[PDB]
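First up is the structure itself, then whatever we jot down about it.
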Amino acid sequence: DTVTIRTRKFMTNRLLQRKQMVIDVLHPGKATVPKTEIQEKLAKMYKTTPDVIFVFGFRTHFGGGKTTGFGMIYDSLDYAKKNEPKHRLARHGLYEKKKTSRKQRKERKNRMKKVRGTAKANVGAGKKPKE
Amino acid sequence: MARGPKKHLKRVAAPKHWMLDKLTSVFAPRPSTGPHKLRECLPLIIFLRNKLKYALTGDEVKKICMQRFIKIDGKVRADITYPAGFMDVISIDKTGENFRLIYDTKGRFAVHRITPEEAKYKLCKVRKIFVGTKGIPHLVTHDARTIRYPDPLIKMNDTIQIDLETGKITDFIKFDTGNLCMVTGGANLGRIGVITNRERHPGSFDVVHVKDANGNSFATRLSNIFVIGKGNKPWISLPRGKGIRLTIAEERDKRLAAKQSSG
Amino acid sequence: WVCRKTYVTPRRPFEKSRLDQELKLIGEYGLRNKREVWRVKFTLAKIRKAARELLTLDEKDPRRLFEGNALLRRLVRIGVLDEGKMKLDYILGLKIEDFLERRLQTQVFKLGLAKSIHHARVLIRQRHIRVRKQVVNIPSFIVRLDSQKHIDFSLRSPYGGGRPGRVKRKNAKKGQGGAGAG
Amino acid sequence: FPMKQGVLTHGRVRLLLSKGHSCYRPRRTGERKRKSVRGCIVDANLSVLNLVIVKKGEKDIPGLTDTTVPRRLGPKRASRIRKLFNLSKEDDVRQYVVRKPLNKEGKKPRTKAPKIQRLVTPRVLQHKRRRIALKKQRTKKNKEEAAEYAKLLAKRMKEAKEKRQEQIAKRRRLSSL
RNA sequence: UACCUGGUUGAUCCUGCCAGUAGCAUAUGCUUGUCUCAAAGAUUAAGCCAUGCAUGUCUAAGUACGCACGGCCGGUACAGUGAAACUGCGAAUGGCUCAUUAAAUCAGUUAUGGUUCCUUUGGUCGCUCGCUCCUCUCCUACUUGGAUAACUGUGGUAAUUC
RNA sequence: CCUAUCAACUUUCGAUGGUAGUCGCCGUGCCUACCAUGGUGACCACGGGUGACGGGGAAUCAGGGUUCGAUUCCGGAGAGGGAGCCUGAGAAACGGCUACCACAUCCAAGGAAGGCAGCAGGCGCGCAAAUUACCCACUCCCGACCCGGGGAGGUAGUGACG
RNA sequence: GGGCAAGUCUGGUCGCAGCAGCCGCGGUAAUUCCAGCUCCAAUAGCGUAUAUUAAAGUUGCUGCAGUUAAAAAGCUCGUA
């Protein structure tokens, strides 16, 4: 309600091929209408199919009233997927990170040490221990 | 045990003229080795995402360097932290924007769009003129660009309009009295103006008495004096903060002005 | 990384004349404890000595002027000092209570829905007011000149205009369940 | 504990085994691991004697001479293929390479030959016309930049060296008056 | 905040310390509702350390003969991709800790015209200026030689990154 | 920093100077050949004492002054203690090695494999100190390198330090 | 109990138990106990321990004292 995305400091990021601006939305008494709404709202502002609009920010101002977000209207998803921090991909989930998680990969580094050749045997050397 | 040189560099114990923050990021960009000494140097990533702010994360700036959109000294850069020193143009190859690295009299790097006429040449006050082996004279400037066959009338501290397209030096400007010199370092950083005086001592430690454009006359050594051309003859544009000298009671009259006066 | 105390401790532990004098400023302005006395007491000793040192500086010093004219302006932007006097001799003559009047609490007691300075601290603490587009919850807020021109009902105070929380509803439930018999 | 080139006599010893001695499988640059090593000569102590029939006999061991354990990797160099036939090197490998039919490696067979190194191709002929291009370019670019200064040097002298004749004549006037 | 307060004595004036008196920063006694900040195995053990993990890395560009994967597309070496492996580089730094050292560290200032430096920035790469042409017969330039890893199997090994 | 209930010290072992060369990244009694008897102290040297890492800086005091710097920084020093080698530009590397010396493991008795003052965590000591946490995203780092890896670090936890 | 703010309370205790940094209570009509109550103090802190800084001009550089309270050598020359 009474949202009004105020694109402060608009930056035509030509070398990252995107529309880059600060999202500043207003509220009656409940801050932060949802992010993908703001994407879809910043879509129809720019007519840009908002699944290339990879937003973040969105902290709720005290007293409702306002929320500062941030917008990157990438001019393509290739313009998105070229720049794209993975936690912006995980800001609204359409790509996520590694879930080995992190200790088996550190364990596999202990496996290539022991024999020369056949990483499959060393992947297999890390495969049998699961403790 | 200092068993080799440090291959890491953290923040705030970092140069202040890079205008980094406090411990918000616990590591520094750490510029590479190259043409200039490391404190003179400026990382691209500070100029890219902390001065122009087209990026926000480091792996983008790696890919922006994989975009190869950055030409420093007219030469293709894929370094996020290239050791670029003084009067180094930066050609942002996608926005069509040239910026030459010069210092302010406030004490900050100037995001300074020179004309592309002024981007082909940069003025390097020379570092040495040496008769190399087999009887061959040379000039090598402060960015260590070893150039065979100098000019046959130049001497020390002459400024060469370094052709950034080629190297392979173009015309010079002789080290002359009263030249415009962006005085850099100490309490005289970023000050341009005529020379009007130089003092000599055998051994070391020669001071140079410089009277700038505002009338501040000051004796500051020739190490602080980088000649940028001819007296009352600039060769790029003047940076922000007038590039000469500013007083702080006037600076509040500056800082009150364009905030809430724009848009 | 860096922190500091915002209150102060005198070198005399029991100076009962002072101890009941500190009871006055709490009762005269609506304070929490003697810390709210000692908070402005922590500041005002530095303010007079900063006024003292700039007075003992030689004139036409920018560290006397540009710092001081800021310190002149900083004391006048909040409206505690007036710049019609505007010299270091009078800044030696300011007090605690000039700041206490420029707190948010007394200005609510001076202006608005406060009947008491018990009441005036409550209206900030129970967030009935907006000093800007700002639910402001700090009674020791010390205000500026423009700040005294936008203190309203909050839009989270459902009386005097606001979205209902659960209380005017409860006060409606005092007539719709307190009087509705269920 | 194995046997190597010079563990001399049969008694099991231990040597500071660096990279460059056998009976040793190294683990780090700059690491010299002293390990136990059994003597090059044989008393009785071994579990395995590594032996090689360099010349067979007349009645076959089935496991060694009737059995065949061949191997598959062929020459990835050019001239090994050529020399056995007394065949020349300007007249190339000229297919005899051991291309390896490797079936169901997708769903087809590949037939993969070792991509021969030390082999001049038309790409190498492109690069031989690219390498000493740059070397001959370097001799001329050295020669170009020399002649640019030499004209620039001598034309400056006609203002500089002419001052010498201006000072010899007034030297004799300064000796006069 | 430039302060003192109590205590000698029959009373008094001293000297004069005592003890009260505030700062602190750990240890702690007791108690604690929100919300912002956060020091924390230094003291004592620079003690031993269990365990978890703390420097990896392939570019269109070193070598694809992966037993791989994917294809007819194959031959001159051919694979799209590519584990490995050999090769290129870091691994010295980082973190941690201050035991140590009393002009020693360190700090400020200087100098290497005594010294060495990966990397990067820039020049330098036809030649023997022809042995007064082996470099025209020295005829290997369309390119050299052999020699290993991965691969394989034989394996031995209480145990081993054997 | 402390000490004269430390007044003289330094070389038989070069202590100090030269010359000469050796060697070392190189200056150098570096080193010896050789020569000289130097060199230096009451201005407290020489020596001994200091949890003496030092400093950037820190707390307090009207001022004058007084206490701190293991401690988010800089520089130094060690990774159990020494020694010796190695690698590379840079390491006597203890997340190298070699051996020793003091510790710790498997042992099937042959041998094999080990040093958290890395993150933690553990015990130990104490008055006294938290995850055996999560993530390589942020920060950076190394690479052949955008790619990756990282207990660096980030992240929260612990957490009336404050 | 004073210093030290606020109990010449109420009860008990009776030089006991305790308290009390110090000065001090308690030996029966306890303002020092032990409690009640009341009050004061600060306050999500407050109190203790130890440490150190001031107060302390009791280390006195500013700026100590040396006839009799501490402190002019037995006296003189006399170098640093």
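Chain lettering (A, B, ...) mirrors the order of the structure tokens, residue numbering begins at 1 for each chain separately, and ligand numbering begins at 1 in order of display.
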Review point. Hey, what's within 7 Å of residue 112 (chain D) if we count only C-alpha atoms (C1' of nucleotides) and toss same-chain stuff fewer than 6 positions away? As a count of residues only, please?
Key: 4
Practice item. Name the residues in contact with residue 24 (chain A) at a cut-off of 6 Å, using only C-alpha atoms (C1' of nucleotides), excluding same-chain residues fewer than 2 positions from it; report them as a list in words. Key: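 Contacts, with the query itself left out: residues 5, 6, 67, 68 and 69 of chain A.
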Give me, as CSV, each residue of chain A that comes within 9 Å of chain F, together with its shortest interatomic pair and the distance in Å at one decimal, counting only C-alpha atoms (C1' of nucleotides), with rows ordered by chain and rising residue number.
```
residue,atom,partner,partner_atom,distance
A:85,CA,F:137,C1',7.9
A:86,CA,F:137,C1',7.0
A:87,CA,F:137,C1',6.2
A:97,CA,F:137,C1',8.5
A:102,CA,F:135,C1',8.3
```
Take the residues that were just selected and, keeping C-alpha atoms, output them as a short mmCIF file (atom, residue, chain, number, x, y, z; two decimals), in the first residue's frame.
```cif
data_model
loop_
_atom_site.label_atom_id
_atom_site.label_comp_id
_atom_site.auth_asym_id
_atom_site.auth_seq_id
_atom_site.Cartn_x
_atom_site.Cartn_y
_atom_site.Cartn_z
CA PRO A 85 26.37 -12.86 -6.57
CA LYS A 86 25.05 -16.29 -5.66
CA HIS A 87 23.38 -14.87 -2.56
CA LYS A 97 25.37 -22.84 -3.32
CA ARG A 102 32.38 -28.19 3.14
#
```
Exercise for review: Write down, as a PyMOL selection string, each residue of chain E that has any atom within 8 Å of an atom of chain C, counting only C-alpha atoms (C1' of nucleotides).
Suggested key: chain E and resi 1+21-22+37-38
Check your understanding: Which residue, C:150, C:127, C:110, C:77, has the smallest gap to residue 62 (chain A) when you use only C-alpha atoms?
Key ->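 The answer is C:127, which sits nearest to residue 62 (chain A).
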Enumerate, in order of chain and increasing residue number, the residues of region 162-246 of chain B with an atom no farther than 12 Å from region 138-154 of chain D, each with its shortest atom pair and distance in Å to one decimal, counting only C-alpha atoms, as a Markdown table.
```
| residue | atom | partner | partner_atom | distance |
| --- | --- | --- | --- | --- |
| B:168 | CA | D:145 | CA | 8.6 |
| B:169 | CA | D:145 | CA | 10.6 |
| B:170 | CA | D:148 | CA | 11.5 |
| B:171 | CA | D:152 | CA | 11.5 |
```
Exercise for review: For chain C, report every residue with an atom at most 12 Å from chain A (counting only C-alpha atoms), formatted as number ranges by chain.
Suggested key: C: 127-137, 154-158, 161-165
Review point. Could you pull out the alpha helix (DSSP H) residues of region 86-254 of chain B from DSSP and send them as a PyMOL selection string?
Key: chain B and resi 248-254
Closest contacts (chain C/chain B, max 9 Å, only C-alpha atoms) as a tab-separated table:
```
residue	atom	partner	partner_atom	distance
C:1	CA	B:23	CA	9.0
C:62	CA	B:249	CA	7.2
C:65	CA	B:249	CA	8.1
C:66	CA	B:249	CA	5.6
```
Point to revise | Shell around residue 48 (chain G) at 12 Å using only C-alpha atoms (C1' of nucleotides), local window under 4 positions removed, as a ChimeraX atom specification | key: /E:27-30
Would you list the contacts of region 51-62 of chain F as a PDB file with N, CA, C and O atoms (P, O5', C5', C4', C3', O3' and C1' of nucleotides), in the first residue's frame, taking every protein, DNA or RNA residue within 7 Å and counting only C-alpha atoms (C1' of nucleotides), but skipping same-chain residues closer than 6 positions in sequence?
```pdb
ATOM      1  P     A E   2      39.694  20.630  37.984  1.00  0.00           P
ATOM      2  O5'   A E   2      40.735  20.715  39.182  1.00  0.00           O
ATOM      3  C5'   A E   2      40.849  19.667  40.137  1.00  0.00           C
ATOM      4  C4'   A E   2      41.766  20.049  41.273  1.00  0.00           C
ATOM      5  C3'   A E   2      41.103  20.768  42.440  1.00  0.00           C
ATOM      6  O3'   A E   2      41.794  20.446  43.649  1.00  0.00           O
ATOM      7  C1'   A E   2      42.718  22.186  41.455  1.00  0.00           C
ATOM      8  P     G E  23      34.347   5.765  40.886  1.00  0.00           P
ATOM      9  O5'   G E  23      35.513   5.913  39.817  1.00  0.00           O
ATOM     10  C5'   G E  23      35.402   6.827  38.741  1.00  0.00           C
ATOM     11  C4'   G E  23      36.700   6.920  37.990  1.00  0.00           C
ATOM     12  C3'   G E  23      37.269   5.592  37.519  1.00  0.00           C
ATOM     13  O3'   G E  23      36.707   5.133  36.302  1.00  0.00           O
ATOM     14  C1'   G E  23      38.952   6.798  38.631  1.00  0.00           C
ATOM     15  P     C E  98      50.414 -13.935  24.277  1.00  0.00           P
ATOM     16  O5'   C E  98      51.953 -13.529  24.273  1.00  0.00           O
ATOM     17  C5'   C E  98      52.854 -14.158  25.173  1.00  0.00           C
ATOM     18  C4'   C E  98      54.288 -14.020  24.734  1.00  0.00           C
ATOM     19  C3'   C E  98      54.994 -12.744  25.187  1.00  0.00           C
ATOM     20  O3'   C E  98      56.308 -13.047  25.627  1.00  0.00           O
ATOM     21  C1'   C E  98      55.119 -12.951  22.825  1.00  0.00           C
ATOM     22  P     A E 102      69.728  -8.400  26.212  1.00  0.00           P
ATOM     23  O5'   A E 102      68.798  -7.124  26.380  1.00  0.00           O
ATOM     24  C5'   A E 102      68.941  -6.018  25.505  1.00  0.00           C
ATOM     25  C4'   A E 102      69.181  -4.725  26.242  1.00  0.00           C
ATOM     26  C3'   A E 102      70.041  -4.842  27.507  1.00  0.00           C
ATOM     27  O3'   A E 102      71.006  -3.783  27.659  1.00  0.00           O
ATOM     28  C1'   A E 102      67.973  -3.823  28.027  1.00  0.00           C
ATOM     29  P     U E 105      67.977  -3.649  17.406  1.00  0.00           P
ATOM     30  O5'   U E 105      66.545  -4.336  17.518  1.00  0.00           O
ATOM     31  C5'   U E 105      66.337  -5.684  17.125  1.00  0.00           C
ATOM     32  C4'   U E 105      65.101  -6.243  17.776  1.00  0.00           C
ATOM     33  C3'   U E 105      63.841  -5.455  17.510  1.00  0.00           C
ATOM     34  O3'   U E 105      63.266  -5.663  16.231  1.00  0.00           O
ATOM     35  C1'   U E 105      63.976  -5.884  19.809  1.00  0.00           C
ATOM     36  P     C E 106      63.293  -4.460  15.163  1.00  0.00           P
ATOM     37  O5'   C E 106      62.030  -3.558  15.522  1.00  0.00           O
ATOM     38  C5'   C E 106      60.876  -4.092  16.154  1.00  0.00           C
ATOM     39  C4'   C E 106      60.358  -3.131  17.178  1.00  0.00           C
ATOM     40  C3'   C E 106      60.235  -1.711  16.672  1.00  0.00           C
ATOM     41  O3'   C E 106      59.035  -1.497  15.957  1.00  0.00           O
ATOM     42  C1'   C E 106      61.370  -1.709  18.741  1.00  0.00           C
ATOM     43  P     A E 107      59.074  -0.656  14.595  1.00  0.00           P
ATOM     44  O5'   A E 107      59.206   0.841  15.108  1.00  0.00           O
ATOM     45  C5'   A E 107      58.236   1.357  15.998  1.00  0.00           C
ATOM     46  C4'   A E 107      58.688   2.630  16.656  1.00  0.00           C
ATOM     47  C3'   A E 107      59.256   3.705  15.761  1.00  0.00           C
ATOM     48  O3'   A E 107      58.281   4.346  14.968  1.00  0.00           O
ATOM     49  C1'   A E 107      60.550   3.568  17.706  1.00  0.00           C
TER      50        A E 107
ATOM     51  P     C F   1      65.197   4.020  31.106  1.00  0.00           P
ATOM     52  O5'   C F   1      64.481   2.737  31.707  1.00  0.00           O
ATOM     53  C5'   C F   1      63.069   2.685  31.813  1.00  0.00           C
ATOM     54  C4'   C F   1      62.643   1.493  32.622  1.00  0.00           C
ATOM     55  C3'   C F   1      63.487   1.223  33.851  1.00  0.00           C
ATOM     56  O3'   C F   1      63.193   2.056  34.949  1.00  0.00           O
ATOM     57  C1'   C F   1      63.207  -0.781  32.655  1.00  0.00           C
ATOM     58  P     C F  68      53.252   0.175  34.724  1.00  0.00           P
ATOM     59  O5'   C F  68      52.194   0.070  33.535  1.00  0.00           O
ATOM     60  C5'   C F  68      51.133  -0.870  33.595  1.00  0.00           C
ATOM     61  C4'   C F  68      50.370  -0.947  32.298  1.00  0.00           C
ATOM     62  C3'   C F  68      51.130  -1.473  31.095  1.00  0.00           C
ATOM     63  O3'   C F  68      51.331  -2.873  31.091  1.00  0.00           O
ATOM     64  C1'   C F  68      49.886   0.419  30.457  1.00  0.00           C
ATOM     65  P     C F  74      49.344  -4.599  10.769  1.00  0.00           P
ATOM     66  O5'   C F  74      50.710  -3.845  11.100  1.00  0.00           O
ATOM     67  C5'   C F  74      51.118  -2.712  10.349  1.00  0.00           C
ATOM     68  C4'   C F  74      52.317  -2.037  10.964  1.00  0.00           C
ATOM     69  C3'   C F  74      53.562  -2.887  11.114  1.00  0.00           C
ATOM     70  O3'   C F  74      54.267  -3.082   9.906  1.00  0.00           O
ATOM     71  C1'   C F  74      53.203  -1.690  13.107  1.00  0.00           C
ATOM     72  P     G F  76      59.603  -7.585  10.798  1.00  0.00           P
ATOM     73  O5'   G F  76      60.190  -8.040  12.203  1.00  0.00           O
ATOM     74  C5'   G F  76      61.493  -7.647  12.594  1.00  0.00           C
ATOM     75  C4'   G F  76      61.739  -7.915  14.054  1.00  0.00           C
ATOM     76  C3'   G F  76      61.683  -9.365  14.483  1.00  0.00           C
ATOM     77  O3'   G F  76      62.861 -10.073  14.152  1.00  0.00           O
ATOM     78  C1'   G F  76      60.479  -8.062  16.016  1.00  0.00           C
TER      79        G F  76
ATOM     80  P     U G  53      50.093   4.352  40.860  1.00  0.00           P
ATOM     81  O5'   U G  53      49.002   5.330  40.245  1.00  0.00           O
ATOM     82  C5'   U G  53      48.915   5.533  38.843  1.00  0.00           C
ATOM     83  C4'   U G  53      47.864   6.557  38.523  1.00  0.00           C
ATOM     84  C3'   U G  53      47.796   7.737  39.478  1.00  0.00           C
ATOM     85  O3'   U G  53      48.760   8.744  39.235  1.00  0.00           O
ATOM     86  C1'   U G  53      45.632   6.877  39.171  1.00  0.00           C
ATOM     87  P     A G  54      49.375   9.558  40.477  1.00  0.00           P
ATOM     88  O5'   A G  54      48.124  10.299  41.128  1.00  0.00           O
ATOM     89  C5'   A G  54      47.906  11.681  40.896  1.00  0.00           C
ATOM     90  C4'   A G  54      46.451  12.054  41.025  1.00  0.00           C
ATOM     91  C3'   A G  54      46.060  12.762  42.307  1.00  0.00           C
ATOM     92  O3'   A G  54      46.355  14.147  42.275  1.00  0.00           O
ATOM     93  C1'   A G  54      44.511  11.036  41.861  1.00  0.00           C
TER      94        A G  54
END
```
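For residue 65 (chain B), the residues within 10 Å (counting only C-alpha atoms (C1' of nucleotides), excluding itself and residues fewer than 4 positions away along the chain) are residues 44, 45, 59, 60, 61, 69, 70, 76, 77, 78, 79 and 80 of chain B; 146 of chain F.
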Practice item. Find the spatial neighbours of residue 104 (chain F), counting only C-alpha atoms (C1' of nucleotides), within a cut-off of 9 Å - ignore same-chain residues fewer than 5 positions away - and output them as a PyMOL selection string. Key: (chain E and resi 48-49) or (chain F and resi 114-115)
Could you save the residues just selected, with C-alpha atoms (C1' of nucleotides), as a PDB file, in the first residue's frame?
```
ATOM      1  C1'   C E  48      50.703 -31.368  26.172  1.00  0.00           C
ATOM      2  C1'   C E  49      47.548 -31.574  22.503  1.00  0.00           C
TER       3        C E  49
ATOM      4  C1'   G F 114      53.887 -37.143  15.676  1.00  0.00           C
ATOM      5  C1'   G F 115      54.307 -32.123  17.571  1.00  0.00           C
TER       6        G F 115
END
```
Exercise for review: Give me every strand (DSSP E or B) residue in region 92-261 of chain B, going by DSSP on the backbone, as a count of residues only.
Suggested key: 51
Practice item. Do a neighbour search on residue 18 (chain G) at 9 Å with only C-alpha atoms (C1' of nucleotides), toss out local chain neighbours closer than 3 positions, and write the hits as a PyMOL selection string. Key: chain G and resi 26+33-34
Output of the above residues as a PDB file, in the first residue's frame, restricted to C-alpha atoms (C1' of nucleotides):
```pdb
ATOM      1  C1'   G G  26      27.923  -5.093  72.675  1.00  0.00           C
ATOM      2  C1'   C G  33      25.096  -6.479  67.344  1.00  0.00           C
ATOM      3  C1'   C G  34      21.192  -9.665  65.557  1.00  0.00           C
TER       4        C G  34
END
```
